[PDB]
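Okay, so here's the structure we're looking at.
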Amino acid sequence: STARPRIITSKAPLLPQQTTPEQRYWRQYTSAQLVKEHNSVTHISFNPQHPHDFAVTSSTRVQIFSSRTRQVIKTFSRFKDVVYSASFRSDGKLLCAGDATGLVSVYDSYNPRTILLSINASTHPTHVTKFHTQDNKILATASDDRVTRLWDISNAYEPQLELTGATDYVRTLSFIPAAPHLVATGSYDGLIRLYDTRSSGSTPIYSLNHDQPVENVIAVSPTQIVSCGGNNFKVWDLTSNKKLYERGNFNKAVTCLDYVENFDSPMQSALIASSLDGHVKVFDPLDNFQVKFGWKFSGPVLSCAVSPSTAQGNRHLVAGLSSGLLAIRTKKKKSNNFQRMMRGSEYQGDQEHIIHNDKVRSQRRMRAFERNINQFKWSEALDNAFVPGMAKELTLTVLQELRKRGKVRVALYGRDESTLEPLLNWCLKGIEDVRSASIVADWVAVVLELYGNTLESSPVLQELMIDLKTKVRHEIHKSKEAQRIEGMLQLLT
Amino acid sequence: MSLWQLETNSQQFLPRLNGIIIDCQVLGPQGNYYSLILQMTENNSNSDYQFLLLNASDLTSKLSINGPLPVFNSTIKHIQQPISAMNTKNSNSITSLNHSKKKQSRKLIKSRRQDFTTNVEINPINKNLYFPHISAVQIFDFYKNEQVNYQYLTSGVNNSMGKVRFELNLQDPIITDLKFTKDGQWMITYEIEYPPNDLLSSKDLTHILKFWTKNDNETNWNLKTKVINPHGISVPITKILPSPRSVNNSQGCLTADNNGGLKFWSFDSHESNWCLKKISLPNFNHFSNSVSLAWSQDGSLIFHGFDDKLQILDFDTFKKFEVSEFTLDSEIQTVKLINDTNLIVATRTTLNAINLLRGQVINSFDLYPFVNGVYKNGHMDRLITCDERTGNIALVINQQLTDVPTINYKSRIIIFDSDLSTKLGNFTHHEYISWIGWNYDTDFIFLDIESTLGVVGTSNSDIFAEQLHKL
Amino acid sequence: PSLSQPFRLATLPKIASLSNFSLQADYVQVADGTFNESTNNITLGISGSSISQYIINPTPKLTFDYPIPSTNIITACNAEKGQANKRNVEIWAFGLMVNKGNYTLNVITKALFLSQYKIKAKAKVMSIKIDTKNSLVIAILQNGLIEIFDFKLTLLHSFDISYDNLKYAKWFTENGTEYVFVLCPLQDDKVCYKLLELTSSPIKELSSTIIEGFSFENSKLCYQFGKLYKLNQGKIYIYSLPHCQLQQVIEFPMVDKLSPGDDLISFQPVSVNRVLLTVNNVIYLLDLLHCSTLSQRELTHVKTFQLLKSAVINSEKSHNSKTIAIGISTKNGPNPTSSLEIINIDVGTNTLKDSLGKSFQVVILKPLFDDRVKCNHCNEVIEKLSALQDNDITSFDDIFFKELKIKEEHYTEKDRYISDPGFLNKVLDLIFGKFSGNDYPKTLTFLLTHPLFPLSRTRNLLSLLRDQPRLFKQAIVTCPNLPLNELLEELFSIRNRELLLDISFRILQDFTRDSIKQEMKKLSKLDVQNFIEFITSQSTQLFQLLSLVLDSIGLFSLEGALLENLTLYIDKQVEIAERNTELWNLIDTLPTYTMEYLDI
Amino acid sequence: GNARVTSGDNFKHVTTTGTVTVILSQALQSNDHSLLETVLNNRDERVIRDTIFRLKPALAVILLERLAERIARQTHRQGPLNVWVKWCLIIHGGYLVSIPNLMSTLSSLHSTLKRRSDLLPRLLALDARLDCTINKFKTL
RNA sequence: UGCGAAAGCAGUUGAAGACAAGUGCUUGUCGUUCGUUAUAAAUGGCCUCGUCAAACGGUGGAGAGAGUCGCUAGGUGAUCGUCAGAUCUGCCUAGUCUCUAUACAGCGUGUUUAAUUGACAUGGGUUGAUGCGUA
């Protein structure tokens, strides 16, 4: 003997743009909070360490948000003029920020009162202040002075090195992983300049031409750097020193760009790119950087970031808007005598010679309609189909299942107008759908062939068929029209 | 099977047996085992008995025994359906039995269509033998001469319930064609689902195609993709040809209609599911079930034989080559190439060996005396088979009669070398041979209507030791 | 596959040794290293003139020339680029004779003359190899000695194959290792095959075999991809390394007709299983696996063409199907002039597609069984039919039907023996010659029903039968493979409605829309305009043909005035179709107080 | 289980003011469904022809794919969106002809249109049956 | 039943014997024969081994639900009415717009391309069955 097969849910041929595994994951960033900041939120960064709090730079302050609470826990308001960065250290202990006055300060993260080191990098604004990922002790600051000085924490009086050669504002700085000596800076000149700090420096090893002002440069991988500028973002390979791919799906100018790798999503790697059009879209590097999901916000997006790979908790997507609105989207992640009484349940036979396993796995509970078919309750199975809050697909199967069993007339004998109307009501609606049109055709044919006499004496049944005649007549026009379209579409080829 | 407890008139059941129960018995000094005989009435062509020995302890099959279970095109010998309450397709009523027996004898003797050819497949990786039973596949290992599996490859009311009375008139979906790709990791199946009677949609058969996969260690095929109504609506898939090793490392196939359309399907890793890679338009209003497909080993060209005309189509363009038109005297039943050079074409009146290299016929053998209207279109393809190294084979079955035709038959096998210059061997068997195909070794396997798979191919201690064993 | 016109590289000097056009190939040597798929250079050694290096593209030009005295014959030449102690250098090695008395081995290094060296070799340097990685020059000698030299020609090692009179030597690389094999003639048409591996001794002998039935004097030899090709007496013998076992023998009939002595043949490989063969001024591109002639070209402006070397493609690994071959072309005239000619070669895809119908090699029903079971002379007939007088129908029919024992005037399955195409074609010829005008024999009606009616006679067949309606109708219904062009023209030219419907059904059954649609474009706008007008004045095949017209006409050609009329007619037809469709579905488909009178 | 169902017709892998072309051209380029939806929301047929008339032929093709989808997922939108599809073919017919491949890029149209066309014979059969009974009790 | 495509194109469904029932006659039947290619209906429906809760990975979706008198395009009603229009601040259908645990369906997580855990003594007895919740 064999177990009873489960009734197989009906699946019609696939339509365009099914839900993709990538779309399903990113759709889980459901809960949305909208916070209002004083000015445009320019930069957003995530602490690389647990609990992975993220810092938002708005107006003349920095705010750190708790991951679990999604609310402000620390505020840095010592800054007099506008602020321009909040990058953490790799260890996550230290937070650095830039100022329009040009002063760069380093604070103990989570300790706003204490100020470790204060550096007057330049008299011009210092927009970028990023810690070096490989080496903790060295800081790089890019300023409107167009020199990206590379400071050292121990020695704050003079830069360890001063890189130059940028003929316009430098607002983008990136450190290539696995290549601590290399440093990459992108200016509004449209050139991405690479420098070798091991050498004397101050002259770029080679330049990469973007042709538009470069708003942010991110080193996706040890050999690949993605740079987003103008109305498109291009990925370059240093070993070949040429662009591998380019995507210009955006409408406004790309501003910010962030990358996350080896996280529990189906996509192993993700690239989130702000657009300044209200769009931030996810690109999958493994698939030649094709779009896989997108969000829309009220206004232009100036900053975007995601929780690091090792979030160890609920993930977060953070979007920054020039209006000052901050958008957060989150993927949430007896008696001792009685135990000495029955103490053998925990054991799993780890020491025993022979292990015998015969328990049958617990199968999911069967719905009401499936039970009726299994017990040959034909008339009741039709009733369970036509109940409030029944999934349309699930309703289609029991109709097909009865037809497959050869029990269509048998299901409709013991009925009157009172218990026939629920079927007609559904048929009034299902006739529209392409998938259920044919099944509606069969059942309505039988009920007419089986209840012609009852139809005459019952008025309510008549109005149902008048309305049904109108809808089927409506479908004939649509089905005819589709044929006409196919006729023309054939002419073109 | 119902155990009636007569003391209280209660009962216990063992439902969803493989077939209807012809016989029951209690076999043991204590009734330890129940012996049952099952019929599997789905196959009307032949009577398929299965003997089952159940342990009365937990009602689990202690020993299930059944031979090969082919499904022949028509009924054979004196096979009569069992007796039921009403006369149906799968059963006979009280009165219909004698008249049906007489009619069957008259059909076997007088009529001229005597096609009993059954479809069968061989698994390349395992060399198991796959029988397309109605709505299922029976996997049978002929080396060990025992069944290995019985899998339902279709939807429908197959083992959900026991059909009784008018339900027994229902027809379950019929697995028409079954084939494997060369690598053996993909299984392609073609189904025809028949609608129930007395409905508006009682004349629209549904054509289904399915792609299955399994790892070698596993024993159950898992359905990977499903195509509903390929080639359009209500258009059968007459022929399926798995692709050669050169084209997409044997992860592709061709499907061919009775409207002569060709559809080339392939497995795309990116989608991870089979896709319709190429198409040809089946628009000409010429209908014929006699289509044959051959594919060159390199894969560049495809031979499409439709009705009496054969086409050489480029694979890359999937269109006529740029002579590609070859006319034949009658409709082609089979097209194959014994080797890359020679193409053997079998029409309803003869068979001909052609040189593609010369475009000339080498040898022509007359088949009309033996095959005139005995076989329906396409079945000569399963009667004819070819090795890829040595040569091909023709199979010819004759009704033997002495003093009006008799039931018993005589079959004759002929080995042929490539281009049919010579007969390497000539053999005769004493029974109707349903199918002959080429095992991937040099030998060929053929199946007989008696369900017999034959093959054609190239001191005091010593006394003390005995006593101790006795004790 | 295709053959380009040769283009000139250089004009050979007028030397007595080069005057012998038969032996001219022996006196020109092609460097193996510089001539390959990707190289744009050719280093050539001309006996008595120089060893010269030429750039092929964009234009042929001389890049370097090393003069040689006129009395010397270049036996072997090879050039390779590499690094030597590190400066990028080009190493040239060449071996010459002065009257057989002395043997000169010369190595030249050039900066990309850095050094020039000369030694006296013991026997004829048959072939030369340069190993740039190890800075070695390897020379094989006709006396069987293989001597390894540095770039300064200091002898490092010497290996003797123990056999003398070496005639052929060739290198090949397999899995990164260098291998060489040699052919040494023996008596009684016996040959010693040896295979050597280049790696204490740097030379290792892998295989040694003696081959019988292998002649040299009339044999041309070349190697490609582990297969040695020997051409002799029009038969190409295929030997397989490492044992050089004869695998296949390919007969080439076009060479069998060649008178021995006057016809000059050259034979070189160009790709896997493909070879280049010259016969005087004719080049053939041959596929040996399928035995087909992929391409043929004749050089009318030259007396002969001799292949010297060909850049061979490993097309199994290369997507490139285009390569080059270099040869000597000899002009016609009292003062023939020899020149070095380069030809571009498109090998193709190495698939059966290329070889279909191009084989270079040039039926009666047979019972299945020679000998109690239920059963379910072409020349003579032609002569009898041929001997008949002109316009005699009765005897012509009587001979055909009686001699063939035909019972019906249309083909049946019982006439299969008559299906031989040769017999049918001749009878058609007799019908035309014997009979002209209004009266044709009944055999023509039989043949028109024959499924194997020759395609050669299909053309204009409708035109011949226009005069007699019955023959015209018979052709339309059953004549096989009638042209679509003639059918389509008759469709729009004939006014008979029955013929129009008959032609329409035949066209659709036997042709696809993409096939029909292109031809419908060709038709004039006026005829299609008339056809539509007939419509506005089984029918579905006539309607569905209209849709094909409306497609072929296109959007632009259609003019508004007619389009309105076609609209009203179709709108009427659509309404009728809906009306009939409904009819088809139609065909398929107690009171409290009652007053009655009692019957009594 | 989780197998993919499919059909054999899925050839996927083989003048006036008020025009909304500017919004459309941006919307199609950026795949902005919300911006696209506002463009499709207009229903004045005169506005429709003007838009597709000035729309670049390259952007016309991707418009057909987008409209083909919205019809396929939402049947009730078939009516109003059909007007867009009809004008796209008429205006850009010349360009659509001169495209290397159409089945791969217009597969959504053929799939959607084929499904609706296939239903026509059956829906007519019910219409005859309904018309029968509806006539019968009306006269009685 | 033959042929064919799946549509359909042609063609059949007879005679004898015996039994029962009702009245030699009428009807119905056949574990009876010959010849031709040739409704049903004896109240009669499929077992047990383990359930519940919470997750995770794919495959589908008409999404599952709630608002917005914010728009677009329609259909349509009660009363009065000088036929132009009035109040019901009318209703309904569809789309669009906002939102949420994708909230909806299904397969698996004994090894698989991927993906799990936890609870319970899976018992016996007594009360309530006018059960419990709700209008």
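Counting begins at 1 with the first residue displayed.
According to its header, this structure was worked out by electron microscopy, 3.7 Å.
Keep in mind that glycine also has a Cβ here, set from the backbone N, Cα and C atoms.
The list of residues near the repeat 'WD 1' (A:36-77) in space but at least 6 beyond its ends in sequence, with Cβ under 8 angstroms from a Cβ of it, reads 83-92, 95, 97, 107, 109-110, 112, 256, 302-308, 310-314, 316, 318, 320-326, 328, 330. Marked as repeat 'WD 1' by Swiss-Prot: A:36-77.
Feature annotation from Swiss-Prot assigns repeat 'WD 2' to A:78-117.
As annotated by Swiss-Prot, repeat 'WD 3' applies to A:123-161.
The repeat 'WD 4' annotation in Swiss-Prot covers A:165-205.
What Swiss-Prot lists as repeat 'WD 5' is A:209-246. Among residues of the same chain six or more beyond the repeat 'WD 5' (A:209-246), those with a C-beta under 8 A of the stretch's C-beta atoms are 168, 171-179, 184-192, 194, 252-259, 269, 271, 273, 285, 288-289.
Per DSSP, the secondary structure of the repeat 'WD 6' (A:249-293) breaks down as 3 helix, 21 strand, 21 coil. Among the features that Swiss-Prot reports, repeat 'WD 6' is placed at A:249-293.
Cβ atoms under 8 Å from those of the repeat 'WD 6' (A:249-293) belong to residues 20-23, 25-27, 44, 212-213, 215-218, 220-221, 224, 226, 228-233, 235, 299-309, 311, 315, 317, 319-320 of the same chain, restricted to positions at least 6 beyond its ends. Taking H, G and I as helix, E and B as strand and the rest as coil, DSSP gives the repeat 'WD 1' (A:36-77) the counts 0 helix, 22 strand, 20 coil. Look at the repeat 'WD 2' (A:78-117): DSSP puts its residues at 0 helix, 16 strand, 24 coil. Residue counts for the repeat 'WD 4' (A:165-205) by DSSP state, with H, G and I taken as helix and E and B as strand, are 0 helix, 18 strand, 23 coil. Per DSSP, the repeat 'WD 3' (A:123-161) is made up of 0 helix, 15 strand, 24 coil.
DSSP states for the repeat 'WD 5' (A:209-246), grouped as helix (H, G, I), strand (E, B) and coil, give 0 helix, 23 strand, 15 coil.
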